[PDB]
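Have a look at the structure below, then the notes.
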Protein chains: 2
Amino acid sequence: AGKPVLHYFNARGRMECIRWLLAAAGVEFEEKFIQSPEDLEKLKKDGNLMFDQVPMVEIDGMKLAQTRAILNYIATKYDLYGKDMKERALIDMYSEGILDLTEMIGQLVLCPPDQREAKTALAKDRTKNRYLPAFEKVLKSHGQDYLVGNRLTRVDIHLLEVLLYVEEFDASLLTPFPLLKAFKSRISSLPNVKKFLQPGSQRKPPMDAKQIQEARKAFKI
Amino acid sequence: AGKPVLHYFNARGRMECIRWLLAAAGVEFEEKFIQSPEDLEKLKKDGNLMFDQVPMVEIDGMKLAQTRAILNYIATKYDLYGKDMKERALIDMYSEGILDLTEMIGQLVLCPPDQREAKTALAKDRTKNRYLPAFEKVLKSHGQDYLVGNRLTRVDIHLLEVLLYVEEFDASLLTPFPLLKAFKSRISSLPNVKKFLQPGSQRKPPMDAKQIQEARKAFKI
Ligand SMILES: N[C@@H](CCC(=O)N[C@@H](CS)C(=O)NCC(=O)O)C(=O)O
Ligand SMILES: N[C@@H](CCC(=O)N[C@@H](CS)C(=O)NCC(=O)O)C(=O)O
């Protein structure tokens with residue numbers, strides 16, 4: 001095969017971080033969108049999904065499922081996983097923290113009006129007092145342009161991506177962090193990244209209250 | 001330093017998969033248990049926890065947090081991560097499915113009482129119709145003793161461990177799967193595993209009801 005094929009709904013979800021990593025690596029990919037329960041059913045019946053779930057990416061002869069397994073394979077393949085196990089330990093701990101932040105904010109648009117109020121307050125609290133400070137500290141610790149090993153790795157991309165989501169959430173959360181503001185602007189200028197950020201790329205938008213309801217009355221939800 | 005130091009509550013939680021990997025690898029470790037919230041607070045205040053969370057393991061000079069980061073580092077260090085990136089893709093995909101299954105069962109203990117029965121029936125349904133069939137198939141596909149690469153890897157250990165929890169959950173779920181029954185017995189006989197399974201090892205038991213709430217009437221949440 002030529003281009004990796006990404007199987008997922010036409011939405012951000014768990015596949016967006018993979019789109020970002022391939023984009024950053026400069027690797028062109030195709031997407032086969034799951035538009036209906038029938039598309040999903042067919043994917044399962046034809047033996048495409050190990051645990052009957054997506055994300056699933058066809059690459060180098062594999063039908064690879066599980067977000068993290070896919071990200072790990074792609075980062076290794078395109079030299080975005082650092083130079084050794086020690087740098088990989090830092091890249092992994094940092095990336096896992098970013099995934100947790102992403103989920104904590106991402107779950108909000110699901111909270112029952114009686115729950116969201118406090119959950120949002122907790123997320124903003126965690127964002128400005130737990131996560132942003134941790135990454136601002138990493139940058140401050142070595143004063144280098146990238147998070148690990150003074151060279152671009154997958155986690156610089158994951159961090160840029162989640163900062164964008166933090167900005168969509170509450171732009172003010174980011175103000176106390178000068179080093180993250182600089183980092184965000186630096187990574188966004190990389191050629192491959194700038195191209196993904198441009199209108200018309202395969203980058204996905206966030207989903208508005210209604211929009212989602214559809215997807216519920218679109219599949220099991 | 002010397003032995004790895006594991007920072008966690010005196011319970012299974014997210015640290016158990018890590019205790020299991022080190023035991024299988026024949027690596028001796030120490031544990032510093034978090035007995036009270038005052039214990040946890042100190043760990044945070046002293047800056048040893050990147051995101052003020054545990055599991056955290058002191059190994060090779062690092063204060064490594066995030067379960068998956070720790071597991072990936074330990075697996076690579078002790079040659080339990082396969083031989084190449086393709087093997088690691090399968091290892092990762094399989095392990096993520098195991099982690100998902102583990103969480104699905106484990107979280108039941110936290111369900112609001114009015115949701116627990118529905119949640120439990122789903123977890124049982126997923127266990128017998130999605131996860132166990134998927135792993136039985138991997139073993140049947142190549143007919144070999146191990147899941148990946150015809151050689152012991154971290155995921156063989158992850159699978160033995162989650163098979164034990166499935167047995168605790170509902171032993172009847174495991175009866176229709178012959179190759180998994182055989183796999184379980186086989187991995188259980190390896191020297192280092194048999195020793196971890198024996199009484200008096202650092203392996204952890206499930207928490208009981210009173211214990212679950214008591215641990216609640218103990219910390220925050
Ligand atoms: N831990 C898996 C979770 C995947 C997952 O939950 N996929 C959902 C949509 S996000 C799915 O495909 N559900 C269909 C089904 O369970 O039948 C991963 O990160 O890839
Ligand atoms: N995604 C993290 C989750 C860590 C986590 O939730 N740790 C909990 C106990 S299992 C904690 O330390 N909570 C204390 C706090 O949030 O203040 C990991 O896998 O290591």
Side-chain angles (χ1 to χ4, degrees), chain A residues 12-14 16-17 20 67-68 90-141 147 155-181 183-184 187 206-207, chain B residues 7-9 13-15 34 36-56 63-70 99 103 106-107 110 215-216 218-221:
Chain A
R12 281 178 174 172
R14 308 185 183 293
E16 189 72 359
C17 55
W20 264 105
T67 307
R68 289 177 174 79
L90 297 184
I91 291 168
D92 288 339
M93 167 177 50
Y94 295 175
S95 303
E96 289 291 311
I98 287 160
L99 298 180
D100 288 348
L101 173 57
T102 299
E103 308 198 325
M104 180 189 303
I105 285 163
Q107 299 164 38
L108 292 168
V109 70
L110 277 74
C111 288
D114 293 27
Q115 223 163 158
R116 175 167 326 174
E117 275 117 309
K119 274 234 205 51
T120 292
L122 184 47
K124 274 170 186 172
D125 179 357
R126 292 285 184 243
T127 299
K128 76 169 137 161
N129 301 307
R130 184 114 105 190
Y131 296 108
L132 297 182
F135 290 112
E136 183 81 6
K137 176 174 174 170
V138 174
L139 297 184
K140 192 172 184 171
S141 86
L147 291 169
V155 67
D156 294 304
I157 308 302
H158 306 320
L159 184 57
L160 168 60
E161 175 187 14
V162 73
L163 289 176
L164 292 167
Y165 300 154
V166 171
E167 178 181 49
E168 301 175 337
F169 183 42
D170 195 333
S172 74
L173 291 164
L174 236 40
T175 52
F177 308 98
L179 301 183
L180 288 176
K181 300 177 70 170
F183 171 90
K184 183 178 183 169
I187 304 303
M207 314 221 284
Chain B
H7 292 266
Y8 202 70
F9 305 100
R14 306 164 177 291
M15 186 64 82
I34 292 163
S36 71
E38 304 82 59
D39 275 336
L40 186 58
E41 273 311 314
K42 185 190 162 48
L43 220 48
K44 297 180 188 183
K45 293 293 176 267
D46 292 334
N48 295 340
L49 301 193
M50 173 157 194
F51 305 107
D52 291 344
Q53 294 173 319
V54 284
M56 185 272 283
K63 300 204 184 185
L64 190 59
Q66 287 286 3
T67 313
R68 299 182 163 72
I70 296 159
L99 300 182
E103 300 193 333
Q107 279 162 20
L110 292 301
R216 298 189 175 205
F219 296 77
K220 290 157 171 41
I221 332 133

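Throughout, protein chains are lettered first and strands after them, A, B, ... in sequence-line order, and every chain is numbered starting at 1.
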- Query: If we only count heavy atoms from C-beta on, is the A/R68 to A/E96 side-chain gap below 4.5 Å?
  - Reply: yes
- Would you say the side-chain atoms of A/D156 pair up with the backbone N or O of A/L147, donor to acceptor, closer than 3.5 Å? yes
- Query: Between B/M56 and B/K63, is a side-chain contact (heavy atoms from CB on, under 4.5 Å) present by the stated rule, with each step listed?
  - Reply: CA-CA 7 Å; B/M56 185 272 283; B/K63 300 204 184 185; 4.0 Å; yes
- Query: Roughly how far, to the nearest 0.5 Å, is CG of A/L173 from CG of A/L132?
  - Reply: 6.5 Å
- Task: Quick one: do A/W20 and A/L164 satisfy side-chain contact (heavy atoms from CB on, under 4.5 Å)? Show the steps, please.
- Result: CA-CA 12 Å; A/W20 264 105; A/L164 292 167; 3.7 Å; yes
- Do B/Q53 and A/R130 come close enough that some side-chain heavy atom pair is under 4.5 Å? yes
- Query: Quick one: side chain to side chain contact (heavy atoms under 4.5 Å, CB included) partners of A/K119, sequence neighbours excluded?
  - Reply: A/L108, A/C111, A/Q115
- Report the residues that fulfil side chain to side chain contact (heavy atoms under 4.5 Å, CB included) with A/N129, sequence neighbours left out, ordered by chain and then residue number. A/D125
- Message: Taking the side chain as everything from C-beta on, heavy atoms only, tell me whether B/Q66 gets closer than 4.5 Å to A/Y94.
- Response: no
- Nearest 0.5 Å, what's the CG-OG1 distance between A/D170 and A/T120? 10.0 Å
- Flag the pair A/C17 / A/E161 as yes when at least one side-chain heavy-atom distance between them is below 4.5 Å, and no otherwise. yes
- Query: From A/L159 CG over to A/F183 CZ, what is the distance, rounded to the nearest 0.5 angstrom?
  - Reply: 4.5 Å
- Please identify each residue that fulfils side chain to side chain contact (heavy atoms under 4.5 Å, CB included) with A/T102, with sequence neighbours left out. A/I98, A/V162, A/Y165
- Task: Check B/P37 against B/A218 and note the closest heavy-atom contact, atom names and distance.
- Result: CD-O, 3.2 Å
- Query: Who passes ring pair (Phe, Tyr, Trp, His ring centres under 6.0 Å) against B/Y8, sequence neighbours left out?
  - Reply: none
- Evaluate the criterion side-chain contact (heavy atoms from CB on, under 4.5 Å) for residue pair B/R216 and B/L110; output intermediate values, then yes/no. CA-CA 11 Å; B/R216 298 189 175 205; B/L110 292 301; 3.3 Å; yes
- Message: Taking the side chain as everything from C-beta on, heavy atoms only, tell me whether A/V138 gets closer than 4.5 Å to B/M50.
- Response: yes
- Item | Pairs where residues 37-54 of chain B contributes a residue and the test salt bridge (charged side-chain N to carboxylate O under 4.0 Å, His left out) is met, not counting sequence neighbours | B/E41-B/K44, B/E41-B/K45, B/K42-B/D46
- Residues forming a side chain to side chain contact (heavy atoms under 4.5 Å, CB included) with A/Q107, sequence neighbours excluded: A/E103
- Within a strict 4.5 Å, meaning less than it, do heavy atoms of the B/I34 and B/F219 side chains meet? yes
- side-chain contact (heavy atoms from CB on, under 4.5 Å) assessment of A/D92 paired with B/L64: CA-CA 10 Å; A/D92 288 339; B/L64 190 59; over 6 Å; no
- A/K124 NZ to A/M104 CE distance, which is reported to the nearest 0.5 Å: 14.0 Å
- Task: Output the distance between atom CG (A/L139) and atom CG (A/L180), rounded to the nearest 0.5 Å.
- Result: 5.5 Å
- Just wondering, more than 12 heavy atoms not from A/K184 lying within 6.0 Å of its NZ? yes
- Heavy-atom pair of closest approach, residues A/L179 and A/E136: N-OE2, 2.7 Å
- Message: Please determine whether ring-ring contact (aromatic ring centres under 6.0 Å, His included) holds for the pair B/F51 and A/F135, giving the CA-CA distance in whole Å, both sets of side-chain angles, and the decisive distance to 0.1 Å.
- Response: CA-CA 10 Å; B/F51 305 107; A/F135 290 112; 5.7 Å; yes
